[PDB]
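1. Sequence and experimental coordinates follow.
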Amino acid sequence: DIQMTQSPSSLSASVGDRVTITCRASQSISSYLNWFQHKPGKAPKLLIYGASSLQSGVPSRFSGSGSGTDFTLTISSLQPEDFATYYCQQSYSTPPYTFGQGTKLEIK
Amino acid sequence: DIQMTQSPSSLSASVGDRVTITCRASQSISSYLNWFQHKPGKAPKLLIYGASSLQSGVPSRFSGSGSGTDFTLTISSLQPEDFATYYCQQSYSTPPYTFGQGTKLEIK
Amino acid sequence: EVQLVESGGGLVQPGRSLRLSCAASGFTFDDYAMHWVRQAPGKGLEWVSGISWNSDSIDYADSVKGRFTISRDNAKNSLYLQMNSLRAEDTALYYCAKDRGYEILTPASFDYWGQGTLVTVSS
Amino acid sequence: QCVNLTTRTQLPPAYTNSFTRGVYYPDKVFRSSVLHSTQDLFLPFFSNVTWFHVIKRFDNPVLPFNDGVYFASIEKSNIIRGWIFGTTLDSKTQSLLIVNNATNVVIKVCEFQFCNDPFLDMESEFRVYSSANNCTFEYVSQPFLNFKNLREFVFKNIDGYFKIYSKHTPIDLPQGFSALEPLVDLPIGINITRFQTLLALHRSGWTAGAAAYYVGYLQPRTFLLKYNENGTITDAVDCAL
Amino acid sequence: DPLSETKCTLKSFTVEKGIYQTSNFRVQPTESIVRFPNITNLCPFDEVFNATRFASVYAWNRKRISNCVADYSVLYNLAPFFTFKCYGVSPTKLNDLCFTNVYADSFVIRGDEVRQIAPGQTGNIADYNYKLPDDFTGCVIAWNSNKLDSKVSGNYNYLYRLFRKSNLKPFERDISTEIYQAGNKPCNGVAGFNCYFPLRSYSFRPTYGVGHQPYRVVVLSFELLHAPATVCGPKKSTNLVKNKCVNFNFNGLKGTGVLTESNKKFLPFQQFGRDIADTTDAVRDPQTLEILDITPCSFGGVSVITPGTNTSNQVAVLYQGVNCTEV
Amino acid sequence: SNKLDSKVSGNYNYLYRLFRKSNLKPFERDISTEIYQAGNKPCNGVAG
Ligand SMILES: *[C@@H]1O[C@H](CO)[C@@H](O)[C@H](O)[C@H]1NC(C)=O
Ligand SMILES: *[C@@H]1O[C@H](CO)[C@@H](O)[C@H](O)[C@H]1NC(C)=O
Ligand SMILES: *[C@@H]1O[C@H](CO)[C@@H](O)[C@H](O)[C@H]1NC(C)=O
């Protein structure tokens, strides 16, 4: 089986800060992880597909990195329209399309 | 690989004769053969480099010819110091610098 | 910009059956894979099922094996999900996400998602 | 699908005078108030131009292309619909097809298997070719379209390029002067030596409306063209007439 | 100074009283302008490269491209296309050199068979699936597709011809499913002893190494025929500058002069304008349907008025036919 | 000189320049090993 862990759950920041979120895997997935942004008011949308490939149509502020077991997503600008929940999903192991726990992001 | 054959092995002639020796290859080597003279009592010497290029310092009596799979050397004068063993060597195929069998020459 | 419209949600008693319809119009549907996923009212996202571009390779979540079935109509560019033998834990939200690839089990993940429809299983 | 027409009435083709028609712009250069001498493939003044009538006159003969063709049509109600060019008019060689159906203008370059009597027949029965094997060029263009219309065309083929010059005028051949504005340049690169026109029949068997067209052949000669101040050709002089 | 210019012109150290013509005053251009019409009617390379599903290597897909503008910089500007090997033509000069027709061959291969797509190479793909001619004019592109063409259960939709009675000719496609004859006895359509099906399935999986991952390969074979070539690259257009002596390139036409607004009304087909003296004086911009006069950069003849150098060295300069405001 | 400059495994002692930003002047020797840049993004010292 495969197990995914979210080190951060709820974070506090401001408009002009820099934030980092990490997702860890029990076993290495050959960097086959995807990041999803889920607004509470609309359907969730993907930001990063694969290890470090940015999906066209979203701002380049989000940056994905990391290979093997631990992966990282980073926001440098923190626009005031980034209130959502971030999920990490693996697509390499036998459990098909298993998602991780939610990660609340808010500014104060 | 490659296999070189010497149709004649021992040849007899006189001081005033003309002799020919042939060397055959298993497949085409693109005229990349050399002819060596080996005196039994001293170090062997090269006679012909390339298909029909005469090495400097040796008499013009020797003449090489032939291309493709068969090659030939001819002596027109047979001076009385032409007693040696003659070898044909290829330098084109994957087996590096494989030599053919000897070709004894005697005068009678 | 593609459109994903979902219907069939509502309130039903446990053990009943219903149908969910998800229709797409903003892209070519004959060569894309589609998936149904579940978001709990108080938990994160969970995959449920999915179908490929053609109804050859089919997969279901382990917790819903032998209970749910999916169908795909390429003529009208849509898909259907049959809800059978419903229990108390199936009162969550269900999305209709579009896979980037064409097969069912590929490292490529869901590309475009649609607004979820609310279903309730209670008396 | 092909249908043979056996209701033709045999009459020899007519001949009439070309007068001062068939002049076109030799190139893409603007000139104002200048007289310029140009050597090109032109139509001489006051010659034979061959005359065909359609009304049960069904004039669909096959004519040599020569070095270039001047095709005039005194027409109403859109009877003429297109043209066919090639060498053998079969799948053996490469053929060129120009049509203007009820919808749009279509240009194709294929090995058509043309019918012996191809035509068009609401108009929903097209009998032009039975097969199309090797198509190398397709083009969709804007619709080109008491007798009221006079449509003059010049078709030329130089260096593998097919030039079509066209002119529409609201109106035997009328006496007047009108420069033909270049319309279409086509990179076809095929050998053309012969051609046939394409008519449309009205089904009521079938009835043909009144129509008449004229065919002339161009040859190399020198004209003196007069450009007004507006850049429009107003007169021409045949240096060898 | 003009006195020394006069001495140089007359080849003498003494200049007698009088007026002398020495040289010409001509303004020099500074900016160069190159113009072409709008870059529209793009070639459909997205349908070839960004296609969701490719065909098998034995049944490689061939697409003919013509009568459009092909932007080769798009393929040159995408990072995931790691392998870009081209033979017989420089990749940098692909944008400018114009050819008649394009053939795009799309297929899927493994790692050890990537190098086999090259002239003079050999292997299963080269002999039985896709043969490249020695005098091949074109490029090849290969990129990883493990995220799309690999399944944990396995993707069996891709096949390759492993057995054939002879090697394929260059640019030949073999789709026959006839049973390979490996023994003396006739096969009779049954894959029994000494009889094998010529096609084998590539069981791609996401757990394979770099030498076994599925890789999408598109080969661009480029041909030029006697017909006028119609496949062109995107032609860059320099921004228009007016009212100054500049060098201009209008549809391949060189020139040097001041571009000004013109009152002439060119006919829609009319492109170039010539004056009485058979010289280009008006042009129509290929992008915006407007007319422009091309005036030669200021022309003058310089004459020198000087008394005899025995008297004095002061001189005067006369610019012939030039208004005093243009110096 | 195929007899001297050719190896059956392959000879690599001879190299030629394939890309340059401008044409060389007559009788000019260019031994620069800088990475040719054909894109907008600067090389920054990587032949990537
Ligand atoms: C046209 O040629 C015919 C001969 O075929 C001749 O009789 C006739 O006069 C010519 N036309 C004119 C207008 O002269
Ligand atoms: C040329 O154009 C001007 C204005 O467009 C007009 O006044 C004049 O009549 C035109 N010339 C001719 C011969 O029609
Ligand atoms: C080319 O594009 C420009 C704007 O970028 C536009 O103004 C112009 O009209 C276009 N060309 C044509 C022929 O429409």
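-> Cool, the structure landed. Numbering: from 1, shown residues only, chains lettered A, B, ... in the order given. Ligands and ions are numbered 1, 2, ... in the order given.
2. make it CA atoms for all contacts and neighbour counts henceforth
-> OK.
3. So the residue nearest the centre of chain E versus chain A, what's the distance?
-> Centroid-nearest residue in chain E: residue E:95, 1.9 Å away (criterion: Cα atoms, centre = their mean). Per Cα to the nearest Cα, to the nearest Å, residue E:95 is found 26 Å from chain A.
4. contacting residues for that residue?
-> Residues counted as contacts of residue E:95 (Cα atoms under 8 Å, 6 or more residues apart in numbering or on different chains) are E:71, E:72, E:73, E:232, E:233, E:234.
5. Give me the neighbour count for the residue of the stretch 201-327 of chain E found nearest ligand 1.
-> Relative to ligand 1, the nearest point of the stretch 201-327 of chain E is residue E:269 (33.8 Å; Cα to the nearest ligand atom). Neighbour count of residue E:269, defined by other Cα atoms under 10 Å in any protein chain shown: 13.
6. wait, doesn't it sit right on residue D:27?
-> No: at 9.7 Å, residue E:269 does not count as touching residue D:27 under the criterion of Cα atoms under 8 Å.
7. Which positions in chain C make contact with chain E?
-> Contact residues, chain C versus chain E (Cα under 8 Å from any Cα of the partner chain): C:31, C:101, C:102, C:103, C:105, C:106, C:107, C:108.
8. Just the buried residues of these.
-> Among these, those classed as buried by 16 or more other Cα atoms under 10 Å in any protein chain shown are C:31, C:101, C:102, C:103, C:105, C:106, C:107, C:108.
9. so which of those are also by chain A?
-> C:105, C:106, C:107, C:108.
10. okay, those in a markdown table with secondary structure next?
-> Formatted as a markdown table, those follow (DSSP: H, G, I helix; E, B strand; the rest coil):
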| residue | secondary structure |
| --- | --- |
| C:105 | coil |
| C:106 | coil |
| C:107 | coil |
| C:108 | coil |
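11. Now tabulate the buried ones among the residues of chain C next to chain E in JSON lines and tack on distance to residue A:59.
-> Compiled in JSON lines, these are given as follows (distance: Cα to Cα, whole Å):
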{"residue": "C:31", "distance to residue A:59": "28"}
{"residue": "C:101", "distance to residue A:59": "23"}
{"residue": "C:102", "distance to residue A:59": "27"}
{"residue": "C:103", "distance to residue A:59": "29"}
{"residue": "C:105", "distance to residue A:59": "29"}
{"residue": "C:106", "distance to residue A:59": "26"}
{"residue": "C:107", "distance to residue A:59": "24"}
{"residue": "C:108", "distance to residue A:59": "21"}
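12. Among these, which pair sits farthest apart?
-> C:31 and C:107 (16.9 Å; Cα to Cα).
13. Could you measure from the residue positioned nearest the centre of chain D over to residue D:216?
-> Residue closest to the mean C-alpha point of chain D, counted by Cα atoms, centre = their mean, is residue D:71 at 4.0 Å. To residue D:216, residue D:71 is 7 Å away according to Cα to Cα, to the nearest Å.
14. follow-up on the earlier one: which of the buried ones among the residues of chain C next to chain E sits closest to residue A:63?
-> The shortest gap between residue A:63 and any of these belongs to residue C:108, at 18.6 Å (Cα to Cα).
15. Now the closest one. Nearest residue, chain neighbours left out?
-> Closest residue to residue C:108 apart from its sequence neighbours, by Cα to Cα, 6 or more residues apart in numbering or on different chains: residue E:147 at 5.0 Å.
16. Then residue D:161?
-> Using Cα to Cα, 6+ apart, the nearest residue to residue D:161 is residue D:187, at 4.9 Å.
17. what sits against the one you found?
-> Taking Cα under 8 Å, 6+ apart, one finds D:160, D:161, D:162, E:227, E:228 in contact with residue D:187.
18. Go through the host helix or strand of residue E:23 and flag the buried ones.
-> For residue E:23, the host element (DSSP states H and E) is strand E:18-26. Using 16+ other Cα under 10 Å as the test for burial, strand E:18-26 gives E:19, E:20, E:22.
19. now swap in stretch C:57-69 and tell me
-> C:58, C:59, C:60, C:61, C:68, C:69.
20. Would you work out how far apart the start and end of that stretch are?
-> End to end - Cα to Cα - stretch C:57-69 spans 13 Å.
21. Centre of the chain to it, how far?
-> The chain centroid and the centroid of stretch C:57-69 are separated by 11 Å under Cα atoms, centre = their mean, to the nearest Å.
22. Contacts for it next, please.
-> A:96, C:47-52, C:81-85, C:103-104.
23. Quickly check those for the two that are furthest apart.
-> With Cα to Cα as the measure, no two of these lie farther apart than C:85 and C:103, at 27.9 Å.
24. which residues pair with residue E:300 across the strands?
-> Beta-bridge pairing for residue E:300 (DSSP bridges): residue E:25.
25. which ones are touching it?
-> E:24, E:25, E:26, E:319, E:320, E:321, E:322.
26. circling back to that earlier point, who wins on neighbours among the contacts of residue E:95?
-> residue E:232 (23 neighbours).
27. For that one, name its beta-bridge partners.
-> Listed beta-bridge partners, residue E:232: residue E:69 (assigned using DSSP bridges).
28. Now do the same contact list for it.
-> Shown in contact with residue E:232 (Cα under 8 Å, 6+ apart): E:68, E:69, E:70, E:95, E:96, E:97, E:98, E:99.
29. I'd like to know how far it sits from residue D:34.
-> For residue E:232, the distance to residue D:34 equals 37 Å [Cα to Cα].
30. cool, residue D:230 as well?
-> From residue D:230 over to residue D:34 the distance is 11 Å, taken as Cα to Cα.
31. what about those two, which has more around it?
-> residue D:34 (19 against 14).
32. picking up where we left off before, how far is the strand holding residue E:23 from where the chain is centred?
-> Distance of strand E:18-26 from the chain centroid (Cα atoms, centre = their mean) equals 47 Å.
33. same thing with stretch E:293-310?
-> Centroid separation for stretch E:293-310 versus its chain: 46 Å, with Cα atoms, centre = their mean.
34. Then stretch A:91-106?
-> With Cα atoms, centre = their mean as the basis, stretch A:91-106 stands 9 Å off its chain's centre.
35. Please see if that stretch touches chain C.
-> Yes: judged by Cα under 8 Å from any Cα, stretch A:91-106 comes into contact with chain C through A:91, A:92, A:96, A:97, A:98, A:99, A:100, A:101, A:102.
36. Give me the three-state assignment for the residue sitting nearest the centre point of chain A.
-> Centroid check for chain A by Cα atoms, centre = their mean gives residue A:35 as the closest residue, at 4.1 Å. Under the three-state scheme (three-state DSSP), residue A:35 adopts strand.
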